[PDB]
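Here you get one chain, nothing else, as structure tokens; it is the form deposited in one PDB entry.
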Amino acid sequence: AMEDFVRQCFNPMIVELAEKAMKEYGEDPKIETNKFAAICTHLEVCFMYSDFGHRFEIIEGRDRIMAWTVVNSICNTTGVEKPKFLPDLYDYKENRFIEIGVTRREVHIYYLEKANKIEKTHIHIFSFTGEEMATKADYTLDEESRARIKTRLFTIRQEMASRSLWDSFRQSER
């Protein structure tokens, strides 16, 4: 049901990407259906964000070799410190990496988790409630761009609840 929902309600390209991010590292998407669903959602957000500008480099959804190649190439030509972990985007207009959070919980809680896990990386957090949080409250995008994202997340939430899948999903976050 959760799997059916994922395959039915997300772009093939994204489902194909989500499944590799799992299947290389040994997780089965037929069993960790909620993680599957989550990874897809996070990918979709990253792509959506990436599209609404060529302002943004998409670093998520690549294999490790490509991502670090892309990160190194950005660091050689801009001078910006190289982060320890792969973030999700780079913003060529503000000249900072971005880490994208999607949370079923409250935004400040997921913000702190991420902020603690890392330093000059801009953090942006979306919830399924149309709530967002971002370092220095600098939300990077225009409101229209941030509304498409919020709608889309909320839509996913509402589709999940149609199929009685939201409650499971909500509770399987850290």
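Take the two forms, find the largest set of C-alpha atoms that superpose within 1.5 Å, and that set is the rigid core. For every residue, the number given is its place in the sequence shown, counted from 1.
- Averaged over structures and residues, the CA distance from the shown form in 8 other deposited structures of this protein after a core fit is larger for 22 to 30, of the two stretches 22 to 30 and 35 to 43.
- Averaged over structures and residues, the CA distance from the shown form in 8 other deposited structures of this protein after a core fit is larger for 69 to 77, of the two stretches 87 to 95 and 69 to 77.
- Deposited sequence between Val107 and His108: no residues lack coordinates (chain continuous).
- The modelled chain breaks between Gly53 and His54, where 4 to 9 residues of the deposited sequence lack coordinates.
- Set 5 to 13 against 155 to 163 and average the Cα temperature factors; 5 to 13 ends up higher.
- When the mean C-alpha temperature factors of 24 to 32 and 133 to 141 are read from the deposited coordinates, 24 to 32 comes out higher.
- Comparing the listed residues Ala147, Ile39, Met66, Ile125, the entry records the largest Cα B-factor for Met66.
- Which of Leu86, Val102, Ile98, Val80 has the largest Cα B-factor in the deposited entry comes down to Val80.
- Annotation for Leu43: CA B-factor lies in the lowest third of the chain's modelled residues.
If you look for the form solved in complex with a small molecule, you will not find it shown, but the lines that follow are about it.
- Put simply, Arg146 is far from the small molecule in the deposited bound form: not one heavy atom of it is within 4.5 Å.
- None of the heavy atoms of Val107 is located within 4.5 Å of the small molecule in the deposited bound form.
- Within this chain, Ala161 is remote from the site of the small molecule in the deposited bound form, having no heavy atom within 4.5 Å.
- For the chain shown alone, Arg55 is not a contact residue for the small molecule in the deposited bound form, no non-hydrogen atom being within 4.5 angstroms.
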